[PDB]
């Protein structure tokens, strides 16, 4: 078989892989990125396509321009199940043409020295002496099977986790996730018959009956075009999401023209803390493959880009030291936990609480102003549930005259506090990973039982 030598092999060219490629470019490294999809389809996984502007501003990723930016976003309207209470959170963001932006990032990375092979699948790892050392690839453009050696593989295969899942199962980098720690989500993009009211605002609709464990959404892509969809929690035995969509679409999108559909599709999305380690010998995992998605609102394009930024940093450091061991690449973990992972862990707890609340609970809490709509924004910043907020919330619901899980909010805050402390003390080396992990698992196990 043909054998090639690269510094870095990036597997997957979505927001995660393309960010890593972009952030590693113009540095004199020999980099190959591969994706199973043809070029003009790269980036087209079903998504609501909404990304906060802050992520581009902090990472130095290109702003979306032209046909890439479908609609400027100025905030989000959050709807109670009975739709009688709406909370507004203001903030700048973009409704993207995801494939068009994604492909432009890749083409610029390519112009900046990164080699790209589309229609190419990494079929199996090269693994020897405890190290990932590359991949066997099948290039369906050339109908060639190729062996590529790399100092580091960047695993950016999305939810498929189609490379790291083929590594020896004893390795931390092969960590799987519980079925209940992901959503299935489905969306369509449609034209609308009436102008879209406040089209610069996303709409998110909480409802445990029409989207159990997730939510419905209505994300305008223009004055007369909307991305509408829902996500529901996995591992709960729920019926087909396509059947939820058909049944309740009219509730959330009565204005759409069902004859003018531009795109439709679904996929899985992780909703948990990240991989306990995103680094091992000769490999870093990023994006959905590394469980980088915000457990509460399900947004992962922004955090995918953050994970690509951290990966590039750790890899550049590893080429300085010559150390591509787990230890040599460990800054991946330190960087990612700092930038988003600790926040995710806190929100992993909070998610579990939200998914157990009833519609009556959520209607009541929102109507009684259990929190300010402004406290929502502060909490979303680092995923913190502060004392004064929790205490006030408890006083607000103190008149409620039925059993409710809302009264567990104080204990939720306590568990969030516990897990945040653990992530603030992320293991400085691989040799501490195991005992730290068991501490985190114990916090989660104790929390689960508290809600049962």
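Residue numbers count along the first chain shown, from 1.
Asks: Do the CA atoms of 40-48 or those of 421-429 have the higher mean B-factor in the entry?
Replies: Result: 421-429.
Asks: Between 28-36 and 409-417, which has the higher average C-alpha B-factor in the PDB entry?
Replies: Mean B over CA atoms: larger for 409-417.
Asks: Looking at 382, 161, 77, 107, which has the biggest Cα B factor in the entry?
Replies: Highest CA B-factor of the listed options: 382.
Asks: Hey, out of 172, 91, 266, 229, whose CA B-factor is highest in the deposited coordinates?
Replies: Among 172, 91, 266, 229, the PDB entry lists the largest C-alpha B-factor for 91.
Asks: Comparing against every modelled residue in the chain, figure out the third that the C-alpha B-factor of residue 442 lands in (lowest, middle or highest).
Replies: Answer is highest: the recorded C-alpha B-factor places it there.
Asks: Which third, lowest, middle or highest, does the CA B-factor of residue 360 fall in along this chain?
Replies: Within its chain, residue 360 is a middle-third residue by C-alpha B-factor, going by the deposited values.
Asks: Quick check on the deposited entry: does the C-alpha B-factor of residue 12 sit in the lowest, middle or highest third of its chain?
Replies: Answer is lowest: the recorded C-alpha B-factor places it there.
Asks: Relative to the other modelled residues in the chain, which third contains the C-alpha temperature factor of residue 151: lowest, middle or highest?
Replies: As the PDB entry reports it, the C-alpha B-factor of residue 151 lands in the middle third of its chain.
Asks: Taking only the Cα B-factors deposited for this chain, tell me whether residue 303 sits in the lowest, middle or highest third.
Replies: For residue 303, the deposited C-alpha B-factor lands in the lowest third.
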